[PDB]
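Quick heads-up: it's one chain on its own, the form deposited without the ligand, in structure tokens.
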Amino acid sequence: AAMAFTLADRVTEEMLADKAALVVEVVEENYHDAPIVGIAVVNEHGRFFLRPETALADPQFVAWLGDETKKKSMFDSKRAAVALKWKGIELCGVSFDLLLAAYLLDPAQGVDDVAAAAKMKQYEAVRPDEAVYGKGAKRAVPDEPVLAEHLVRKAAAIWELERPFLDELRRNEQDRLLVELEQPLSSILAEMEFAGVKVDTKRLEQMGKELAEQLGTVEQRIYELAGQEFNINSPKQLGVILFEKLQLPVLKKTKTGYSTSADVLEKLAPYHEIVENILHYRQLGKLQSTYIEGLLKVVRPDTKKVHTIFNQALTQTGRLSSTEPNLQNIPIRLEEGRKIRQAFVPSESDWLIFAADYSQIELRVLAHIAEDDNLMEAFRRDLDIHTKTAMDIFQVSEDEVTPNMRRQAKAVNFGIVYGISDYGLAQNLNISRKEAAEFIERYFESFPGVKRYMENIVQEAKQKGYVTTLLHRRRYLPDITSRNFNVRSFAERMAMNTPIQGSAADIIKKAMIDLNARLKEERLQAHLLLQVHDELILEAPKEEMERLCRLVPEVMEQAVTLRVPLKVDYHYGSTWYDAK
């Protein structure tokens, strides 16, 4: 049943056709400066397998790779593009990426290999990568015979699946989403990951020492207040000290035992002086383990840069995710954690970090899609939306809005931005589910358009089986018909939240594409470094700041045209921390 192919010892002309399925295999999950273990090409002339050391040293092959007119169909082209960048080789002409195509057709499938994508079209003449390479300690590249056939089978599947995938995307009206948005974005993310972000390791190591000292003190104080020493990091051991030895009350209980979440401890603080210390301990320990030691582990010792990997085909909303390290969750709320950002600096002297973020893009998108007159007017006046929401919900003038009123109005808006449950609102505001319901009801009286939208989107999700975003990204919600209240309610909140969060994702992705085109036209050295959901982080010569101050916000604000303006705030400084 084996698949026929040529295991070539040298590159030939028929291997350089202007249309082909290409496989440039990188087995290591983290593909930065990683090995390319084999190459497979499938075209009109047949199927071929080439040894990397052979193909990558061949002028003809390298030129073919870099020729934008020679079209390649691939799976996860960013992986190959970056692996090639580290070797000084440019990959161009990728006209179809099966991973991105499968992701757009149904992000819930979790397609992470050619076999998974192929199964969507009843194509099974290819093995899952895990079956070929195993997983974990047993992971490894098999002998050439097995490797070669696997790569050729993947290339063959890609070659065969391009047409059906493109046809369904077209039917879904997502063909431009793939070709004009996700694929071009893939190349931009590849440049961003490759460039990396410079880290001041000495700065990180210094704060690391401080934390270590502060942890040691708090750690001791904790054993003193408890009368004994224990593993504070053990929610099991901590529970014993807290709810048994010290007799603190049990307010919430986890599926396995005593709940020691920050929300719980906060309520126990007044009962004993140990609680505040445990909280402070959790905090410092979080920064030390995750943002100091964890970050230092992934910095490249030679360039002192971190090279994250943006997973472009994971989230169900269209947002990107970041790993090794995750640069989308660097502290900022609390000052102590915020200082971690002083560790991220420009890659060159006399360069600066420039950060631009969308102001309330989710609520602006909601005003647009729901066409709520009150909400649209609020943004047209560029009002503080939380203060305004408080004025309406509580029926008071702007002067009458107290800090606590604004805080609660902010929580209601937050719940709308992320589509959290009524139960979630009650929990966040530490009030009763019933009182939370009253707030929500009050909100709908003030924003009837939003109310209308929420009801209409749920019905639409039930009728069509999915909801869509501004640029036609899609999310199937089969649980929307479930007779189980909880499961159904969850699907309903996703129906409400996806067009909002998803459309916000579409916009920033287009802004990134538009921005890169503008930077190139202007011949600026500035370049994108990171994207954190609603913000773009760049670095550039200090001499380009003034131009970026006008260029970046404009490009971001004009990415799309909504019924309300889009607003972008920006700052720049010597470190990421200073770009505030």
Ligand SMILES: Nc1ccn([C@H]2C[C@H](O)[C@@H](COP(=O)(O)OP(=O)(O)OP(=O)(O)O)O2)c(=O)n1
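We call the rigid core the largest set of C-alpha positions that still match within 1.5 Å between the two forms. Only residues modelled in both forms are compared. The first residue of the shown sequence is 1; numbering continues from there.
Below: the form solved in complex with the ligand, not depicted.
From the list 238-246, 175-183, 141-149, 369-377, the contact stretch for the ligand in the deposited complex under a 4.5 Å heavy atom rule is 175-183. The partner is absent here; in the deposited complex, the one residue of 470, 226, 292, 284 having a heavy atom within 4.5 Å of the ligand is 470.
Listed residues 338, 272, 170, 442 were compared with the ligand in the deposited complex; 170 is the one with a heavy atom within 4.5 Å. Segments of 3 or more consecutive residues in which every C-alpha moves by 2 Å or more between the shown form and the other one, counting only residues present in both forms and fitting on the core, reduce to a single one: 420-422.
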